[PDB]
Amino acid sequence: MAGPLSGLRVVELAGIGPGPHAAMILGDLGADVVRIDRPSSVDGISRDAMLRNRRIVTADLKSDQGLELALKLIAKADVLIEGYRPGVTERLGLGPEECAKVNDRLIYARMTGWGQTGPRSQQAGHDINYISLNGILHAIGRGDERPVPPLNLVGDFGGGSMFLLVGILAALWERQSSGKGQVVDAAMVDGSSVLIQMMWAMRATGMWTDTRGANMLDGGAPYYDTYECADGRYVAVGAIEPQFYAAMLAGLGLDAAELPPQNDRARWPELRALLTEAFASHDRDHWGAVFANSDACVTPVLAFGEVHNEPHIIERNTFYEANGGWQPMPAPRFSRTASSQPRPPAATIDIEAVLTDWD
């Protein structure tokens, strides 16, 4: 099995969102990932590419046989991932304390939104709820309109699965000293707050306000935003540094002497109107050409469907093809122990066959 996490063994209690995303990535990087799902719900080989790099098994954990098979897998494994509400694995017989008795080397990884304790810890929720409570959602969107969710990128993945991964892997490094595992408490409300640490930093020093759409990186700055082109498609402009901004102006045909200063915020309305008219005068692909190989920080805003035609995406093999859709190749990349193409979802496997293989 290719990749730097070769040999690493993982048990995943099937759930939704961050849990499986973390499990995917471990698998992506070479880990041996085994996923226990309900029989209650499996109808052949899965169509969810998020379940790649997996062996799937079925098991009613409510039954006593279920429980004990599961407990055998765990005993032979380096990591457990579960993302149910607090108390669920306890009441199944699969809690940290019950796991610590069949394998004190276990990394016990708990993926929630709200955390393991406190008033909201039993409330159902999704991405949008967790980022609503810690200031993030309020900051996203135009100023004249209600906040807009950044899909489920910030709570589920950036501030969720990825902090679960850091926790698992940080704990594996600890386990090299002490010889013992431990419990990783990954909550989306905490992870996403560390994910946005920069704004908390800038806020402290007066470089960020609570007003939506009036900051350097939220769309309020005319040099960090998208612009509609002549064809109704878009470019992105990220020309923060004055040298890059100058390069942008020259490619737009605008003379700096006729525009307000880049960072004169009181004249951002004028500046925006000027840039808006210039970008509107040609189509996205024109600007893409004009600015390729420049430091102007102007790129075309591509739709998912067009990504596979972009030279730089093609050439670094950022995507692979599989079942009527492209999918991302593993990230990041390793010089010596490279990951390989992900193995698709495979039909289910008997939990015995796995206990055998793991010997």
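The numbering used is simple: start at 1 and walk along the sequence shown.
Using a one-third cut-off over the other compared PDB entries, is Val42 one of the residues left without coordinates?
Result for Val42: often missing, at least a third of the compared entries.
41-49 versus 293-301 - which carries the larger mean C-alpha B factor in the record
Result: 41-49.
Regarding 86-94 and 191-199, which shows the higher C-alpha temperature factor on average in the entry?
Comparing 86-94 with 191-199, the higher average CA B-factor belongs to 86-94.
From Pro328, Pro332, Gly30, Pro311, can you pick the one with the highest C-alpha B factor in the entry?
The record points to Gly30.
Per the entry, which of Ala77, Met216, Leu169, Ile128 tops the list for Cα B factor?
Going by the entry's C-alpha B-factors, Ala77 comes out highest.
Ranked by Cα temperature factor within the chain, is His286 in the lowest third, the middle third or the highest third?
Ranked within chain, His286 CA B lands in the middle tercile.
Third assignment of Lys101 from its chain's C-alpha B-factors
Highest third of the chain for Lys101's C-alpha B-factor.
Please rank the C-alpha B-factors of the chain's modelled residues and tell me whether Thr211 sits in the lowest, middle or highest third.
As the PDB entry reports it, the C-alpha B-factor of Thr211 lands in the middle third of its chain.
Lowest, middle or highest third: where is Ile56 by C-alpha B factor in its chain?
Its C-alpha B-factor belongs to the highest third of this chain's values.
Split the chain's modelled residues into thirds by Cα B-factor; is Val307 in the lowest, middle or highest one?
Within its chain, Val307 is a lowest-third residue by C-alpha B-factor, going by the deposited values.
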